[PDB]
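In what follows, a structure is listed as structure tokens, so that the remarks can point back to it.
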Amino acid sequence: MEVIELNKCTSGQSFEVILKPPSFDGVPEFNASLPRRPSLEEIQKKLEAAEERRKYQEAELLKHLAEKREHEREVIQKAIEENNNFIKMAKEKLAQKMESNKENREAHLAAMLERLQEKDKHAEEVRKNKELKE
Amino acid sequence: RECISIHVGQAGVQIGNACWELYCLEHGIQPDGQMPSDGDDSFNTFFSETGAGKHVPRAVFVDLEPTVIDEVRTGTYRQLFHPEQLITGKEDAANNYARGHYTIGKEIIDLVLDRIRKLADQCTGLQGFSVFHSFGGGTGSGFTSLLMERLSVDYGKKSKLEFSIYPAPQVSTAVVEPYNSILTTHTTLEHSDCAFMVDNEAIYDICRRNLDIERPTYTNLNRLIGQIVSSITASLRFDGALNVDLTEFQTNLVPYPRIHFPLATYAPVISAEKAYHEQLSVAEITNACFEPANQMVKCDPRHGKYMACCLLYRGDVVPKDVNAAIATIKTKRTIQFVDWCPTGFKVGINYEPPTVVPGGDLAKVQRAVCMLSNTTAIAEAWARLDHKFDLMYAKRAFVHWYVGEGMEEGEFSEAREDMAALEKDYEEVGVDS
Amino acid sequence: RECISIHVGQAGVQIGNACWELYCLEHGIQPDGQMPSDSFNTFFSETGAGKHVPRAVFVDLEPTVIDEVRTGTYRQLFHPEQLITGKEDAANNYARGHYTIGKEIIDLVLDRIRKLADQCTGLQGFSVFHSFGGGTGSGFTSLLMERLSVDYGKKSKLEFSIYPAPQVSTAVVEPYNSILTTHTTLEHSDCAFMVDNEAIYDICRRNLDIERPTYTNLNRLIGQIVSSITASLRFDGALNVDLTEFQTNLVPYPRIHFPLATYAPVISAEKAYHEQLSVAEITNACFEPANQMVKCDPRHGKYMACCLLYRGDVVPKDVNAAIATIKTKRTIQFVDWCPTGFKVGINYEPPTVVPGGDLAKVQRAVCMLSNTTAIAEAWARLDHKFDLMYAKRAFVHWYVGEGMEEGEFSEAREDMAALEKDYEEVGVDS
Amino acid sequence: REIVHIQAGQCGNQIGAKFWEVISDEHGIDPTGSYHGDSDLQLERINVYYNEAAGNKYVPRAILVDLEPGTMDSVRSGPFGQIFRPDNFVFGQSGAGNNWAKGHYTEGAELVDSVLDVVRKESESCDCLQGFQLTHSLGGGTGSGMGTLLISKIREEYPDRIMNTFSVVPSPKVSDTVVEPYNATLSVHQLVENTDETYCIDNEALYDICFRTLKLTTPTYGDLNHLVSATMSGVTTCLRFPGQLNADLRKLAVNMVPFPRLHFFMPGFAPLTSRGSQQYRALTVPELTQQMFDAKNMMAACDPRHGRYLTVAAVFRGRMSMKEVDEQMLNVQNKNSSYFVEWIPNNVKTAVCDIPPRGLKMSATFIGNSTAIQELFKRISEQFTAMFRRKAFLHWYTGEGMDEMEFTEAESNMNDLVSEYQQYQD
Amino acid sequence: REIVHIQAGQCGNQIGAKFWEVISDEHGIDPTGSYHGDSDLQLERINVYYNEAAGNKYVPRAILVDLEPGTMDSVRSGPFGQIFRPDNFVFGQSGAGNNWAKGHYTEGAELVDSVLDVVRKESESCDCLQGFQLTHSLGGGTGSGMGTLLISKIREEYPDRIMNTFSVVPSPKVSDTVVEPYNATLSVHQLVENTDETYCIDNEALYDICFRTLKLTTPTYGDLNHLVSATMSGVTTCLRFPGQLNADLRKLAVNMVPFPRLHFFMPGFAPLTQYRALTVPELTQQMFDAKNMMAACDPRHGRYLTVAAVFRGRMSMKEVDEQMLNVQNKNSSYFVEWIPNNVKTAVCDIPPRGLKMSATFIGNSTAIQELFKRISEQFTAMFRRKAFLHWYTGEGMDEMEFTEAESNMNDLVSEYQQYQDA
Ligand SMILES: Nc1nc2c(ncn2[C@@H]2O[C@H](COP(=O)(O)OP(=O)(O)OP(=O)(O)O)[C@@H](O)[C@H]2O)c(=O)[nH]1
Ligand SMILES: Nc1nc2c(ncn2[C@@H]2O[C@H](COP(=O)(O)OP(=O)(O)OP(=O)(O)O)[C@@H](O)[C@H]2O)c(=O)[nH]1
Ligand SMILES: COc1cc([C@@H]2c3cc4c(cc3[C@H](O)[C@H]3COC(=O)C23)OCO4)cc(OC)c1OC
Ligand SMILES: COc1cc([C@@H]2c3cc4c(cc3[C@H](O)[C@H]3COC(=O)[C@H]23)OCO4)cc(OC)c1OC
Ligand SMILES: Nc1nc2c(ncn2[C@@H]2O[C@H](COP(=O)(O)OP(=O)(O)O)[C@@H](O)[C@H]2O)c(=O)[nH]1
Ligand SMILES: Nc1nc2c(ncn2[C@@H]2O[C@H](COP(=O)(O)OP(=O)(O)O)[C@@H](O)[C@H]2O)c(=O)[nH]1
Ligand SMILES: [Mg+2]
């Protein structure tokens, strides 16, 4: 059975009941590893290359967005452009149809007036044919 | 010689707050002033005797919101620290390791790393830090690891002891908890010398059978951990063999590099109201020591083998008994000691009776015990955790929240793949040829 | 916000005159002065410190009609400035208005109307009332409309067109005139209310029981419809009404689509005490080929947007139960691709009718504006008329005479060809 | 708008005078005086036919033209003589005429300006002009030749404003001369080219109605004229009267004529004749229409039947009901649906007016563009075509200074017109 | 942290007003006045929702936006009118809208900056910002189009901070316009891409609860709204109130959403529309009900991803923790096993309205797809033969822009549908 007394102090005492010894000749080696990672202050620069990714994502989806943003500015613009752009057409094809009207009637007029004018250089040029028979 | 408590992380903090409480009660410290009561130190194990009245711990609290820390600066104990030992990060709680260890952590790591040296600058030969933190949960999953990285760079020799709180489906916080523990405990494991898991589903569960509260209050739980923690330390705040100085903590508990997380078990937890029935058999406290239900990490070492064993007593107790009580423990036992490790049984009686908090839940105990054992079975809990993780990650679950704050997915496969190693490591020790 | 009535054209004028009348009766306006007994500002500007005055323009190219406005009460209700009279040569051909005699007055009109929308903190549009056929409102109307669009690009425009009916109509040349205007006109109108007399007249037979229909008679009836049509935006404008939603809500496609109109309980005095008309019936009678507005039937055509404007003591709980029951006893016919329109517009305000009148005290009335393919049917009966005259240059040379190209004709009718296919084209899809 | 009136040529003159005095006492005007009919209507439009000078008085916008004194001094002394303003008479002094040539060339141009100018001062006076109606005789000179010139000089000074005539196309029966064809066919050429509308009163129907259906044995020039007069009242009605339509003459063109070639309307009246009875009143309205759309009741020698109707306008006058009329009119265009161009959808419109003509409590009248009218042209041509053949009386114009080819060129204008009307029976 | 609030678009506005006045008198605020409830709690966090100016007074950090006067002056004159700070109203004058296009392009950008800026002066004022919650109408223009722009401009000036909305997805029954689909599907595209979390209140459930299970025959816009209002109280609870958790909105994202594609929560309320005896079994049962969800949707036809539920009153987590569990068993099937603890539950000692016992529910469930598939279905069939479309073509949009938003949606569906797996 035996104990084995390990220290004696102002406020305590220790020991050991070793009860039956192991079945030993030492043994294992379970991640008690011969290359096993003593680590390194240099890998603050591992903390950085993670935060250069954030600065990324932000800056390239604030890019995938001032992108959107500045299409908007061009839609509301292609609508001041749609409108402005049809005033200038059916506003102008208005008066264009109106020179075709004052001009065409200018004809069917002074060309109706034309007949009734050599009906007249005939009244008076065959009254100077009154000077014929008599 | 000396000893700095670091409590990062909301849980850590409250736990701290509530075991610092118990420290005092035990050593005779009115919140503000001196032990003024009718060799040269002994209680200096933790505290530095500043001013010419004051007693003050060697402590640091870090959290990344105020909220929790403030309460420390509100209610008595508010006088017991320096405002300087009380680092508050006013900024953005978190809830992902990605947050702490990287994004928001980067910010405060310097101011912290500072103060703590500033603190070990008083100290004729520090020993190491005991660091208390939540397993899952933003900044103490996250930040805890970052702290620990740097710590080891700055204090190469000086050893480090984590008190981890392993999170419990019912009295827990967030979905992402698994990812977070598994994350931390991967990075963290190569830098800690020994680590005390505490599972809530065990504490909570104790506060049911023992404290008989349908209730468990956060505070409730804490005073209980608070207690164990007292018993855990305190070998080295009182000085009396059975381990004092951190190096006696690996020396007596971890046989292998891989941080092994001892299993904890406090003795007689018993409610007031019931406080006068006492006289608990110096045998029973022991017998009830080896009790699946009276554990600390929900599991059982009937299933696993033992590879180092350790009783810390506290009270009127001459060894002649303990011994007779060990004897009788062994023959009514599935004792299960593994193969190659004769029979640990370092016994640390500690004379000093174990004051409990006066409002309290537990009462006057004239004898208590503690039992720290490293057993293969502590793995069972690692499995429960992994499997959660395993099964979320199987669908990138929440992943992109961490990737978002700026991680490689590959930290994940490469971390869980470390548990894979440990879980084998563990079962591997098991019953040899 | 605000809203300028333009009445070009002898029909439009009288119609105007006789729904402006109804406006007043409804809002409380003694011809001269105040309601001495915003929201009503939807149409009117509260000038001086007494008199209420509309946002109105009347244009015709002879006096005669307009003068009667400056003769009998209401003669106090306009400015003499809102009342443009063109003293010169009526017309009876689109070629007249849109070109010859129109050219003259287009400026003075185009003027006054801006002058009018110069008061107006953010105008909305104009509703323009005009005859389909007939000199200066076939013609000029189109001219007005061209220019308007040039000066008020956004600001939308709504025509109230009177589609002419072989019996209570004027001149042979009417077809030519509508088909002419409605071609030019259609590019510039955002939605347009056809009203066919052969349906109004026809209503004043089954309903008003007069062997008679007087011009005035018809008018007060259209007048009524028009009240219910508008007035969503005159009365319930205690705040947020704004066209583009009479709009948005009715025409699904560029092509101006002329919704179909249908007033609810038309019923004579003498018979005014039999009342209590089933909140269900006014709806059931709403879907009534005989009770329509444009002579045709949507049993034949599909529906592509539907709209009920009630007016009277009515909680929706009914209307709804009355829709349901409208659904199942129906060749309902909702086209393919336009899940079921049924914007319901209860308007609380009871529908005052003219005191001498024909119709009487109605405690509940409905309106139903629907765009249906079938409204085409009427475009066909018109075209065909035209088609068959033009087949022999019929009266052509009277327009050519005032200075048109024949090609305006083939190129106009050929737009109806487009529209008439457009219409049928929407019909029942795959 | 507002219209002025030219009344030239002995016939054209009596026609217009007997016109003027019939319409005048429709509106209640005294030989000079003003109104004397305590019925209100009348005056709205008195407008269109009367410029009104100092004090009361009413004076017609009318111009009197002839190439021999006599026939004006028959209005001046006589009926409503004292009505017309004196510088509005244009006596010719001169040789009569009775050959187109005379009145369109020689003694014609002699006057032109004197008249052409008083017309200007009356139309320039008037507010917004409509056009002119001229009444004249299509056979025999002064007003067959003068009037046709007049227009060919009006039109030219007034090409905007429109052009109207009542032309009396002469017969072989109670005609005067065997030159008539020449004159008609010379005018009728002119006519076709510069009137926007003309009414043909053919004396043939005018005689035929008087004796063949009106008991009268020796037809006066008067008991004959009163016919045309009464027709002319009822043809102008609408532009003279109430609220319904009012008819801008323009309106009455581009509604009556499908084709530039001015297509002349045969009119037709309702109940008829002198004085000695058929004021039965009981002219039921069926009975009115029936009698109105009748061969033996048209104003031109022509029986619709042998010609379809292009477009037709009929106005009723009195105390009745469009209740029956709109109903009656329709049973015509069915029990006659055949002859009535289908390619002109609504070719028949119908007006009512509450104020009777003459005696009559019920009375209608009819304006009719019908291919039927050709019948009448083909006839003048027939007499002409057979005369100018072996160039009969012609050397009678050769002399006043005309060309041979000018007859043929007018002849085959006519002979086209026929062959276009005949073409539109399609 | 600390949050500010954007309340834009006539619906979004009444929603937020009927909200503000419900929550305000939870904390005991007078039309201007301060505190008037000698119960202590309330104020710890009064913080998160109210910046507080001179003297007593309390003023909400709220911004009001519309493109037509009217609907604000309906708050200004009315309920808690006198509360909001005047240079915080941003009236539009302008054409209404009622086409997304209007409120995202033309009359939209017209205002943007005026609002965008007041938002800045309030968020730069606040101590450490949380993010923003915007309340708006997903169908019809000003705030379907404006609000969607607003965010797509917030995000951009505030990429760190997080993005919340209460969106009212419209129906065919008590909706107004035959364009709704178009507007929704346009916003819904936007939504998916720049909110970190959105709540869907579908008017269809909102109606269906009102009449189908609440006796009410003609559903007001009011007796309807009070529903959404109440829901919103009980959804924010935690970030407004006591010690337990407190919820950094953040915390409420990376706990509610496994997947970037922002997955919108259907809410669910407890008792609605005063027996008291709402035993707590009786509460849960009614809460996790089809006929009681805030989106037209009956979980059943969709598993739950992650779900959060808070109770309110004096009861016991003694029964509740016990009751919640007997749900996730008598329902264990529909409840993703691949997210271990997907259901957490909170208690709080201060009742809403009337109610001595009342809970509420936050729900990320693949079930929600049901609702999207529907707007798509009306849309997909409308934009088909390009129906009313030429109405936006005009305010200056692209044909392909619809398809490109249509097949964003129609993806979303086919992802939710994809995550019924394991
Ligand atoms: N045993 C115990 N566990 C706690 C306590 N407080 C929190 N926890 C647990 O710790 C885990 C999460 O850690 P937290 O401290 O809550 O979070 P944190 O990252 O450290 O701090 P925050 O930034 O505030 O989120 C959860 O499983 C909780 O159950 C406590 O007082 N006692
Ligand atoms: N419904 C209705 N139709 C009318 C009215 N007055 C005229 N019309 C019709 O309108 C069509 C012709 O339009 P009008 O107003 O008469 O002529 P206008 O060109 O506008 O004016 P004018 O120059 O006088 O000819 C005809 O079909 C008539 O039936 C009316 O008061 N009510
Ligand atoms: C002045 O003379 C008249 C003129 C008109 C013509 C007329 C002529 C038509 C016609 C219509 C019309 C149209 O209703 C009228 C409007 O103005 C007129 O001048 C008309 O269809 C076929 O022929 C119609 C008339 O009434 C029948 C009339 O009476 C004398
Ligand atoms: C502000 O809103 C809330 C947020 C949270 C979420 C939440 C959500 C969860 C969850 C957990 C949690 C976690 O405990 C919380 C901590 O902070 C939070 O916001 C949380 O598991 C599944 O879903 C939990 C809440 O209570 C149910 C809550 O109440 C409204
Ligand atoms: N009906 C009508 N016709 C007339 C009248 N007088 C003459 N005519 C006809 O007109 C023709 C001649 O016209 P007339 O006026 O005598 O010639 P003018 O005066 O010199 O132009 C004759 O053939 C007659 O038939 C008249 O009184 N009334
Ligand atoms: N439930 C809720 N929805 C509303 C309310 N008002 C309108 N809506 C819905 O939202 C849609 C229109 O939103 P609305 O606010 O009118 O448009 P906007 O203000 O111009 O953005 C309609 O389909 C309604 O169903 C409201 O009072 N409450
Ligand atoms: Mg006209």
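Every chain in the structure tokens has a letter given in the order shown (A, B, ...), and although residue numbers restart at 1 in each chain, ligands are simply numbered from 1 in the order shown.
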
Show me which residues sit within 6 Å of ligand 2 when counting only C-alpha atoms and all ligand atoms, and put them as a ChimeraX atom specification. /C:9-11,14-15,61,90-92,131,133-138,162,164,168-170,197,215,218-219

Using only C-alpha atoms, which chain E residues lie at most 10 Å away from chain C, written as an MDAnalysis selection string? chainID E and resid 68:71 93:99 172:179 217:219 377:391 394:395

Near chain B, meaning an atom within 12 Å, which residues of chain A appear when counting only C-alpha atoms? Write them as number ranges by chain. A: 1-34, 36-58

Backbone-only DSSP, helix (DSSP H, G or I) members of segment 344-410 of chain D, as a PyMOL selection string: chain D and resi 371-387+395-398+404-410

Near-residue 28 of chain D list (7 Å; only C-alpha atoms; drop same-chain fewer than 6 positions) as a PyMOL selection string: chain D and resi 35-37

Determine, counting only C-alpha atoms, which protein, DNA and RNA residues have an atom within 7 Å of an atom of residue 262 of chain C; residues of the same chain fewer than 4 positions away are not included. Present the result as a ChimeraX atom specification. /C:286,291-293,367-369

Measuring atom to atom with only C-alpha atoms, identify which of E:154, E:163, E:412, E:186 is nearest to chain A. E:154

Residues of chain A within 7 Å of chain C, counting only C-alpha atoms, as a count of residues only: 7

Please return as a VMD selection string the residues found within 10 Å of ligand 4, counting only C-alpha atoms and all ligand atoms. (chain B and resid 93 to 95 137 171 to 176) or (chain E and resid 232 to 241 244 to 257 305 to 311 339 to 348 359 to 364)

Near segment 19-31 of chain C, within 12 Å and counting only C-alpha atoms, which residues show up once chain neighbours fewer than 6 positions away are dropped, as a PyMOL selection string? chain C and resi 5-7+12-13+37-44+46+50-58+69+72-78+129+216-231+234-235+349-355+357

At a cut-off of 7 Å, list the chain E residues touching chain A, using only C-alpha atoms, as JSON, numbers by chain. {"E": [105, 106, 156, 395, 396, 397]}

Suppose we keep N, CA, C and O atoms; can you now write the selection as a short mmCIF file (atom, residue, chain, number, x, y, z; two decimals), in the first residue's frame?
data_model
loop_
_atom_site.label_atom_id
_atom_site.label_comp_id
_atom_site.auth_asym_id
_atom_site.auth_seq_id
_atom_site.Cartn_x
_atom_site.Cartn_y
_atom_site.Cartn_z
N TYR E 105 -35.55 56.57 -59.64
CA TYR E 105 -34.80 57.33 -60.63
C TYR E 105 -35.13 58.82 -60.68
O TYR E 105 -34.31 59.62 -60.24
N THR E 106 -36.31 59.18 -61.19
CA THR E 106 -36.66 60.58 -61.43
C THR E 106 -36.90 61.35 -60.15
O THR E 106 -35.95 61.86 -59.56
N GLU E 156 -22.87 52.04 -48.46
CA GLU E 156 -22.06 52.86 -49.36
C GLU E 156 -21.45 54.01 -48.59
O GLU E 156 -20.28 54.37 -48.79
N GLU E 395 -40.08 56.23 -67.95
CA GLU E 395 -39.29 56.96 -66.94
C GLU E 395 -37.82 56.62 -67.07
O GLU E 395 -36.99 57.17 -66.36
N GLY E 396 -37.52 55.69 -67.97
CA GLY E 396 -36.18 55.55 -68.50
C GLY E 396 -35.45 54.31 -68.07
O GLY E 396 -34.29 54.37 -67.70
N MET E 397 -36.12 53.18 -68.14
CA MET E 397 -35.52 51.95 -67.67
C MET E 397 -35.28 51.01 -68.81
O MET E 397 -35.72 51.27 -69.92
#

Surrounding residues as a ChimeraX atom specification, ligand 5, max 9 Å, only C-alpha atoms and all ligand atoms: /D:8-15,66-68,71,96-100,103,136-147,168-180,201-204,206-207,220-222,224-228

Go through D:46, D:417, D:288, D:402 and flag the residue nearest chain A, using only C-alpha atoms for the distances. D:402

Cut-off 7 Å, only C-alpha atoms and all ligand atoms, neighbours of ligand 3 as number ranges by chain: C: 170-172; D: 234-239, 245-252, 255-256, 311-315, 346-351

Selected residues written out with N, CA, C and O atoms, as a compact mmCIF listing (two decimals), in the first residue's frame:
# COMPACT_ATOMS: atom_id res chain seq x y z
N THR C 170 -74.19 65.24 -87.73
CA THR C 170 -74.16 66.39 -88.64
C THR C 170 -73.89 66.02 -90.10
O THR C 170 -74.83 65.68 -90.83
N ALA C 171 -72.62 66.08 -90.51
CA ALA C 171 -72.25 66.04 -91.93
C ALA C 171 -71.78 64.70 -92.49
O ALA C 171 -71.17 63.87 -91.82
N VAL C 172 -72.09 64.51 -93.75
CA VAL C 172 -71.57 63.41 -94.49
C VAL C 172 -70.14 63.15 -94.07
O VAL C 172 -69.79 62.04 -93.71
N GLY D 234 -87.72 78.61 -99.14
CA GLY D 234 -87.47 77.33 -98.54
C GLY D 234 -86.12 76.70 -98.83
O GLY D 234 -85.85 75.65 -98.30
N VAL D 235 -85.27 77.30 -99.66
CA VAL D 235 -83.95 76.71 -99.92
C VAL D 235 -82.92 77.40 -99.09
O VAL D 235 -81.87 76.83 -98.78
N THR D 236 -83.21 78.66 -98.77
CA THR D 236 -82.32 79.50 -97.99
C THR D 236 -82.66 79.44 -96.52
O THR D 236 -81.79 79.62 -95.67
N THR D 237 -83.94 79.21 -96.23
CA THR D 237 -84.40 79.01 -94.86
C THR D 237 -83.25 78.95 -93.88
O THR D 237 -82.92 79.94 -93.24
N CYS D 238 -82.62 77.79 -93.79
CA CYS D 238 -81.63 77.52 -92.75
C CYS D 238 -80.55 78.54 -92.55
O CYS D 238 -80.16 78.79 -91.42
N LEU D 239 -80.05 79.14 -93.63
CA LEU D 239 -79.06 80.17 -93.44
C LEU D 239 -79.66 81.50 -93.02
O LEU D 239 -78.93 82.40 -92.59
N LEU D 245 -78.40 74.21 -86.88
CA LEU D 245 -77.40 74.30 -87.97
C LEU D 245 -76.94 75.74 -88.38
O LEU D 245 -75.87 76.23 -87.91
N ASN D 246 -77.76 76.41 -89.21
CA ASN D 246 -77.56 77.79 -89.70
C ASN D 246 -76.81 77.84 -91.03
O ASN D 246 -76.85 78.84 -91.73
N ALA D 247 -76.08 76.78 -91.35
CA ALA D 247 -75.65 76.51 -92.72
C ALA D 247 -74.71 77.54 -93.43
O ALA D 247 -75.19 78.38 -94.19
N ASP D 248 -73.39 77.43 -93.23
CA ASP D 248 -72.46 78.40 -93.85
C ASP D 248 -72.34 78.26 -95.38
O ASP D 248 -71.29 78.61 -95.91
N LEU D 249 -73.35 77.79 -96.10
CA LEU D 249 -73.26 77.81 -97.55
C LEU D 249 -72.06 76.98 -97.98
O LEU D 249 -72.14 76.17 -98.87
N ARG D 250 -70.92 77.27 -97.35
CA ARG D 250 -69.75 76.42 -97.28
C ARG D 250 -70.20 75.10 -96.77
O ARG D 250 -70.00 74.07 -97.40
N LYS D 251 -70.82 75.14 -95.59
CA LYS D 251 -71.32 73.95 -94.94
C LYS D 251 -72.22 73.24 -95.93
O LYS D 251 -72.14 72.02 -96.09
N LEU D 252 -73.01 74.04 -96.64
CA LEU D 252 -73.88 73.50 -97.68
C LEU D 252 -73.15 73.23 -98.96
O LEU D 252 -73.77 73.14 -99.98
N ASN D 255 -71.04 69.29 -98.29
CA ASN D 255 -71.95 68.39 -97.68
C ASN D 255 -72.88 67.92 -98.75
O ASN D 255 -73.50 66.86 -98.64
N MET D 256 -72.95 68.73 -99.80
CA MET D 256 -73.83 68.49 -100.92
C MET D 256 -73.08 67.98 -102.13
O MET D 256 -73.65 67.23 -102.90
N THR D 311 -76.52 63.14 -102.81
CA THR D 311 -76.71 63.65 -101.47
C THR D 311 -77.91 64.51 -101.55
O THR D 311 -78.13 65.18 -102.56
N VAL D 312 -78.67 64.52 -100.46
CA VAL D 312 -79.92 65.25 -100.43
C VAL D 312 -80.20 65.88 -99.07
O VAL D 312 -79.96 65.29 -98.02
N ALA D 313 -80.73 67.09 -99.13
CA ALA D 313 -81.05 67.85 -97.95
C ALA D 313 -82.48 68.36 -98.05
O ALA D 313 -82.86 68.96 -99.05
N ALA D 314 -83.26 68.12 -97.01
CA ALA D 314 -84.65 68.51 -97.04
C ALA D 314 -85.01 69.22 -95.76
O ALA D 314 -84.73 68.72 -94.68
N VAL D 315 -85.64 70.39 -95.86
CA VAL D 315 -86.10 71.07 -94.65
C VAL D 315 -87.59 71.27 -94.61
O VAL D 315 -88.22 71.63 -95.62
N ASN D 346 -74.37 58.81 -95.24
CA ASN D 346 -75.56 59.44 -94.69
C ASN D 346 -76.26 60.49 -95.51
O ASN D 346 -77.07 61.23 -94.98
N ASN D 347 -75.98 60.46 -96.82
CA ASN D 347 -76.49 61.35 -97.88
C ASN D 347 -77.83 62.10 -97.76
O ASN D 347 -78.21 62.85 -98.70
N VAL D 348 -78.54 61.91 -96.65
CA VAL D 348 -79.84 62.58 -96.44
C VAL D 348 -80.09 63.09 -95.02
O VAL D 348 -80.42 62.30 -94.11
N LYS D 349 -79.97 64.41 -94.88
CA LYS D 349 -80.24 65.07 -93.60
C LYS D 349 -81.43 66.00 -93.73
O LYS D 349 -81.76 66.47 -94.84
N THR D 350 -82.06 66.25 -92.58
CA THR D 350 -83.43 66.74 -92.51
C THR D 350 -83.62 67.72 -91.42
O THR D 350 -83.43 67.41 -90.24
N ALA D 351 -84.06 68.90 -91.80
CA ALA D 351 -84.26 69.94 -90.82
C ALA D 351 -85.71 70.40 -90.71
O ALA D 351 -86.50 70.29 -91.65

Counting only C-alpha atoms, chain B residues within 6 Å of chain E, as an NGL selection string: :B and (175 or 391-392 or 397-398)

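The nearest approach to chain C among the residues D:274, D:244, D:334, D:408, with only C-alpha atoms taken into account, belongs to D:244.
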
Taking the chain letters and numbering used in this document, name the residues of segment 59-247 of chain D that DSSP puts in strand (DSSP E), as a count of residues only. 27
